[PDB]
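We give structure tokens for two forms of one protein chain below, kept apart as structure 1 and structure 2.
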Structure 1
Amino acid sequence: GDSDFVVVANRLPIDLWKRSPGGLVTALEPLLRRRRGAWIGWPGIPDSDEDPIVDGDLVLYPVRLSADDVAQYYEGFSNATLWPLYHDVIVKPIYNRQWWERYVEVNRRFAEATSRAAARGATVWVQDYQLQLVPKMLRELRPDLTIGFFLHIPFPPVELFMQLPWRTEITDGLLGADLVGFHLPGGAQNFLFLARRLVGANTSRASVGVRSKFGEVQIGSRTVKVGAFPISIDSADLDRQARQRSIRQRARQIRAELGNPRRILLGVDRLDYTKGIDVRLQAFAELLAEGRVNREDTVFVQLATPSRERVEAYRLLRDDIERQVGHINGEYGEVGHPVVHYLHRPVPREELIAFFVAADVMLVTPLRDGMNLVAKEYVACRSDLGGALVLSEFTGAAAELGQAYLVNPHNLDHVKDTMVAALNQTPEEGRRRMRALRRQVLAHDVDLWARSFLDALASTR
């Protein structure tokens, strides 16, 4: 094709159609103004055509997937094999050969679509865990290409990764890239060690820096660069949006509809067993039982956005959470006044922002998370410097947001102590922490992240 910069991701950046706002596609916008850019991905509808769609600023190359392809490659291998394994086997991975075979077939299809789109010597950026085979496949089809890969989820320790029957094929797949990136040095280091242990490659031995001090894996003639690039958000855009009059009015109205509580705790997560939602509810229930939280003036709002309903583990998790909600309200609420409000539905963006602005305490307690953007979005929204962020150590965000109230979600006693501390912090201490968090998040945004990855990738030429 005629594209000199190509993004490859599981989905096209569109909504059933119009171009989806925010996210990655928006971060790459000023680069697409200087490159002939293409995006390869599944359009979210089964058995579509693979004819290029030109969005003026971007050419879209759709990948044809059947509903069966999605079930086995995505719902199956990606979400029920790789996802639990890479997140410290919080649930038991399912190892299924038919899923693996479809994962391979689908990955090859993405590689072929990429080759179609990519001009000679083009730069290719492959995204995330569903497409780990693409770099090697693409290099085999197109050795002229410069290929980066970024993993948006954690890379597990070798002891767990080795369970995968197709461990070598996945590792070889990633090693097809010129640059392999992770959010954290820890992931990068796991990858280097895996390369020595499983593949027998020569690697660098030093610690991996942040956006610097890169690792290397020697693969025959070529070197694979390995780095840590912690993703972020468009901090300035969110900061601006959260100041809008209508947002502030909605935040006030939200507190009124809750019966004007003195304190609001907020959870916002795509529903997932990685997110530690059960831990928040348990801590909140025990604090109420112990009379350490006032059931008359404190309320917890949990917004869970629907996710992967076709995967049994997620249905079971939804059942457990919903029981806890029912239980806590039955024990500590009053008719007309729950202590927990729980919604299981997508939330409009401006509604989400209003909740961030209304919340006195943001509860972000994942058991394991690659980064977690919600923690950073909350911070970017609190230009009033109010609020408090309670944040699990087991998120990538915790490496940057050390001024938050950090918790080990497995240490329930300390999660409880910490929620009480956040609820009762002095105004001045709250401001001190929020000012420091905002300096970090405003300076380290999605633009810095993308530039850093692309600079590293360009240097491999």
Structure 2
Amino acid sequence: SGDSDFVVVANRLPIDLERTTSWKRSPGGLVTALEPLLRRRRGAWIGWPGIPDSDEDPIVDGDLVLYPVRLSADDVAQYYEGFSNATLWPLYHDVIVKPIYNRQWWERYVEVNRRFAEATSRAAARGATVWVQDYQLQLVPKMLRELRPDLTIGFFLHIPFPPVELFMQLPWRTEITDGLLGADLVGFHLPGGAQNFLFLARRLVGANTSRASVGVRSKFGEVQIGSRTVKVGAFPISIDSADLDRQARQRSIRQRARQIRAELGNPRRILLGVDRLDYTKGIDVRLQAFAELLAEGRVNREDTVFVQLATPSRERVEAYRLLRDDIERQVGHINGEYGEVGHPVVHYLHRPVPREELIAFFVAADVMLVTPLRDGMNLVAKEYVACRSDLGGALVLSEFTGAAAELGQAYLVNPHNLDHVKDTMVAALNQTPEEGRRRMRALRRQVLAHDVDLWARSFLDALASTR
């Protein structure tokens, strides 16, 4: 029973309650991609409203119906801050930080996944399509299948799927793999993730799998699980490109971008970073590179400025606190060394910026610095590109983002190679107008054609074909 023929399930709702109450837009690219999707398409969205011990009364946000899931304080600590973001997040991002393996966290993760599955069953009509999202909910597909074998179940992982050598560290590796194999379709951004999953299915579970490489939105892999076949595919996520492109063309935004440059004392060049404050994002790398370019006199400290817009994220997790301390030290250091009173070389904001203000920064920025150590996709890169209909700008992009597989005309860097990052920043800052416009035209052709609608259609058509 349940009234919805199409249900999305994620740890996040598109809204986030702030503590007296107040709704804000939820952070992260998962919401950035899925929100415009569910605003245009009928369907229900199940998720946590971002505070402990909330109501579970349905919330109507416009045309969209949200079903909130209650998490206790202990749930938030052990399932969300703990297993999800201090076990899985670091492990799947190439153990950039040492994962913590904790059995109590695992037990809570199982409990919460069960709660999400049950909530899904209550929302889902007979024979509904259910699309489960991301690493917090990897047990839900198997749990949901056991409760509701009538459902068609898709799972998409929004973060990298790590190499088998690292995944095998997880004490609950088999349970996680079994969880994912409960879906009819398991999707990843990149073929590499899909292939890691297929190999894992062979070694760990001993299931028969396809042995061919996986294509992009094509040439799907398969895993045989007794009576069932699980389809495996790569579907690189994107943004609502055309909408953002139109938004960035507004006179007010173009005016605001000019004002931002005026407020910065009309620099010749503005470099911009935009990220959650997360250790995967390489904010420390871009600051170090900028610092060394200033030290070497390869960037002019009088007419070049870097703006970093960092959103606070997962702040109770100790690794994130330590990262914040390190980034803020770099900011103070660089300004102390190269700034003047009344004129910093680095402007750093530790807050979410309103959407239209963010777009104005994209339009103002001569160089976009997107330097993650590892990122499943990175939508900030694609957002910048969509905003530059003027064909100005330059995107400096880490090759360890999923986006680099699509945005080859960007200035690609190995963020571990600081000399390469430094050389490339100089190249982007000094590019000719024609070379800049050539690259930006090429990037925009890709991003405008490969949008979130193409992504969702591809995944859901593949999911439907399992019926």
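Note that the rigid core is defined as the largest set of C-alphas that superpose within 1.5 Å between two forms. Residue indices: 1-based, along structure 1.
- Compared between the two structures on the core, the listed residues 417, 55, 393, 400 keep their C-alpha shifts below 2 Å, save 55.
- With the core held fixed, residue 28 shows a CA shift of 2 Å or greater between the two structures.
- Put the two forms on the same core and the Cα of residue 11 is off by 2 Å or more between the two structures.
- Superposition of the core reveals a Cα shift of less than 2 Å for residue 430 between the two structures.
- For residue 68, the displacement of the CA atom between the two structures, after superposition on the rigid core, amounts to 1.4 Å.
- Taking the rigid core as reference, the CA displacement of residue 38 between the two structures comes to 2.2 Å.
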